[PDB]
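Letters are used for the chains, namely A, B, C, D, E and F, taken in the order the chains are written, and counting of residues starts over at 1 for each.
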Amino acid sequence: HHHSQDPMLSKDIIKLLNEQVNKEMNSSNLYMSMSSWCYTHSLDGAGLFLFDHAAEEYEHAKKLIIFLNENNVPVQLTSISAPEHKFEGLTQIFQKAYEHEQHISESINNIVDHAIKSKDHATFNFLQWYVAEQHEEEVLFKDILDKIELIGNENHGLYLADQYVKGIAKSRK
Amino acid sequence: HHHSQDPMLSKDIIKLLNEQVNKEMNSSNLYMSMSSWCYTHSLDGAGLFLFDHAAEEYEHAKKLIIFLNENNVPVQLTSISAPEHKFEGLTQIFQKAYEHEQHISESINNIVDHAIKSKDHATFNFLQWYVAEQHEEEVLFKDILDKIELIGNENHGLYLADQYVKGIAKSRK
Amino acid sequence: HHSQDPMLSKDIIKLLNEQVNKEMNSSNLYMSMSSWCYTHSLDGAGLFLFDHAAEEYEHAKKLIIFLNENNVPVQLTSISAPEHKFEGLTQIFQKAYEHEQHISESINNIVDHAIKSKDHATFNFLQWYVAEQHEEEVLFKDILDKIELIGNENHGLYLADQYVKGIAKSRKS
Amino acid sequence: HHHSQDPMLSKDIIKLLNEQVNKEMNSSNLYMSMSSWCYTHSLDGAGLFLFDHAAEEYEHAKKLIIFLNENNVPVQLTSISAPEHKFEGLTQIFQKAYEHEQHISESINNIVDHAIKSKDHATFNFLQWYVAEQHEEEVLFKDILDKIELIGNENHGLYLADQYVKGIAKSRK
Amino acid sequence: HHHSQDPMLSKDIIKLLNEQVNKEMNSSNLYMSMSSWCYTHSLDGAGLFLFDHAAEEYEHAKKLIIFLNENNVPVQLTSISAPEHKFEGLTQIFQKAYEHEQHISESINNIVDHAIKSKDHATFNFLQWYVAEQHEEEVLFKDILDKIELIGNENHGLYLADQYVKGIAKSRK
Amino acid sequence: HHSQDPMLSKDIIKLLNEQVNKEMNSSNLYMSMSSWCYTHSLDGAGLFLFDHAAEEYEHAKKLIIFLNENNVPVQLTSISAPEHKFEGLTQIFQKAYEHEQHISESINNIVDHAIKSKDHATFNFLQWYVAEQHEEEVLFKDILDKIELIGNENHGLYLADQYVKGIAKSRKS
């Protein structure tokens, strides 16, 4: 029976990275459920945007998995819990989403900080695409929320907001 | 508050389709775990193959979700249980995977049968890409298992089998 | 209507606003140095310092863009009248090299603060600025070295100014 | 030390042109401040437009500096006063901006009139691009102000005006 | 005689970088020695791979030298110790090589950590290509070692492993 | 398993291994000379000597390739720390020209030995190396001649360094 090389990352980094894979998986499902809510409530602009965003979060999870694989680090996938499926409206969904993105940013900042502390610059260096893309996503959700709040809910507001989000969804493809 | 149109599909079809979305997500996670096992045991050929397969299974889940959305059907994502993470070896993985693909095939046949029975030919028609692609995947796992069993474990069987699987992984893009 | 709070922390906000104002100050200083050269028959150094002044303003704008995207109010201060009287080409470039050293130090301080506060969105953003500033600092070191090597005696000024003219034109295209 | 040729322009025209450089630098900062107000109050359309306009005014200052340099005229940069940062809204910003553009137009008319009186036709001729471009800008701000007033601030007014201005910003770059 | 500008880097970072140049030169010779062992024991696959890798490490030493030169830092080349020439086989060579690459990775992490502590972000930023490329190389040697151990040394094992490595060598050039 | 004996004779083997080590020694010497120039405001000579050092290592690699193809073990010795203190540009190039003369003589000795031992495979192989070394020796003769002709007095160093810079750039492309 053949010997395979030990994991190339430290136990703490392994734990944080596996946690982050699972976080992105859970995020993807949350966005799918938010998307479905919009599609079933005549908001197909927000539905599309959120569907495409969900898909992109899963793409992040896969990229993290590739990095674990290349370092001989076992991927430890946990149970993914059922996402929230009940929502109040467009504004509430994007408020929740923006808060979620802020949490995701914090979690990445935490991994990068630990990489610095343990002098794991292979991991620091690898995470830079992820820091950059997440910041763009966070800024995007801030802007969409700003626009939704600016438009409001009075006559045609929901329509105008959804068409604004539709345009963003299409321009990002 | 505005009226959105009722779901366009029957209750039984909605149920089976939502269950299928969750099946494919579970499958994806299983295949990521199997992939990780191969990568951490010097079988990067099977590692790559199973990773790419896992990603494709999630692609199926997304295509099913799109169809639910277009029909105004709420997507009902349940809790994805943690996949098995411990395996005996390459043959055992592909034995398990082939059996799993047989089950997925059975589950799709079941939905197609119900579409015929309830005269839902929009859904029957939509699922044809999925029947075709799943048949191709099931045949693929049968072929890989056949080849792994033909090669065997006696030296240098594992290496040979993994290089064979590597070749398939690369050729499928 | 409600707009989202600044996405950066108070200390980072202040350091970045201070940096915008530093680059604006720097731009004017170089415009003044450039004018001295142009009015003292040193059009090569004149062109070089003009084009460098414009590039420093480009950095200020890029910092402003980042503040804007993070919902951070830009605080522009009074820009001090730059020094306008100079002794000669060597003194101008000694002053400029010393100035570039100070700019490099101020960027290092911001990057250090980002690390300490776990702001990796800002850390990552600043990397183009660290790289470009290092290139600029090296450039002024090289020009100063060349001016020192040439000297002021017989045609020294002419030779040094033509050398700087070559650089100015090579950096355009 | 070597002799350099005297300034090729008269004392009065030197004074007027140097004042104009400082005026354009001041205008640039005012527009950056107005831009930032819009960006931090969900008006990214006006934010972008005003940012790009701020950059243009600085481009005007650079072209005037080049002309001063070519005539062996010392560039005299004065302290640039901190810009206004307190604004009440979109309409007030553009009312202030239109009045400011009218002031800039007058200041250019004054220099051109002095060139005529002084028989300085080199400067008269040089300033034609600047007269033309300023006229375009003044008209532009008149049209945007006319539009913001037509739309108003009632039920979705701010959003409509901002999108209108966003369209202009994008078509100009 | 003329005055040249002082070294732009700190004493500690100068020492670390100069040590690294000498480390990369030493690594280059070690790999040439390992390459020659393979070439003279019928393993031209490993021979080529290791030769090309030796050349790459020297390329790393050159890039570090360029950076030292641009910062006016004296390059301090020390005596390069003769490399090990005694080897037991293919497996021992790659076990030694993987351990060596781990040492190189650690040494780079140490310099990057010192740049952070010193707030030398010019050097931090410069070293990113080197962190990335070293990680790639370390992973590469892990994968080759994993493969050599999977194949083993029984009935045609050496030939299979060498051909495997030959394939990698060729795909990298 | 049995590998074929070295294809070259003991004396040729020794001379060729000695030559690999000579070129490695030479490469470091030129790196050291290059660094002296770069740290003494002679970046033209710095670049030239850096690029020349790299070319000498290229010759060493080409000699290694020939040893490898003939099943000849490469014997790498300790590489002596090069001289690092120099008096000036003229002394560096006098030393280098004298060094190139010695390298030329060492090649002549190997070619002579090949003729005497009837080793025409090695004679024929070495022809690229004879030609390139003659070109390099002539080059250093020409640069030394030019430095001697220019001299050290007023701008002499600058002129000589710019001349060498021209050559350095012309030899790249």
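Simple rule for what comes next: a contact is a pair of C-beta atoms (placed from the backbone, for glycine too) under 8 Å apart; a residue touches a chain by one contact, two chains touch by 3 or more.
By number of C-beta pairs in contact, E-F leads over the other of A-D and E-F. Between chain C and chain D, the centres computed from C-alpha atoms are 24 Å apart. If each chain is reduced to the centroid of its CA atoms, chain B and chain E end up 42 Å from each other.
The mean-CA centres of chain D and chain E are about 56 angstrom from one another, to the nearest whole unit.
Centre-to-centre, using mean CA coordinates, chain C is 42 Å away from chain F.
Touching two or more other chains at once are residues 2, 4, 72, 116, 146, 149-150, 152 of chain E. Contact between chains, as defined at the top, is found for A-B, A-C, A-D, A-E, B-E, C-D, C-E, C-F, E-F.
Contacts from chain A toward chain C in the complex involve residues 98, 105, 108-110, 112-113, 116, 128, 131-132, 134-135, 138-139, 142, 145-146, 149-150, 152. For chain A in complex with chain D, the touching residues are 143, 146-147, 149-152, 154-157, 160. Put simply, chain A touches chain E in their complex at residues 2-5, 8, 70-72, 116, 119-122, 124-126.
Considering their complex, residues 2, 4, 7, 25, 29, 32-33, 35-37, 39-42, 47, 51, 55, 58, 62, 65-66, 68-69, 72-83, 85, 158 of chain A touch chain B.
Across the interface of their complex, chain A is touched by residues 42-44, 155-156, 158-159, 162 of chain D.
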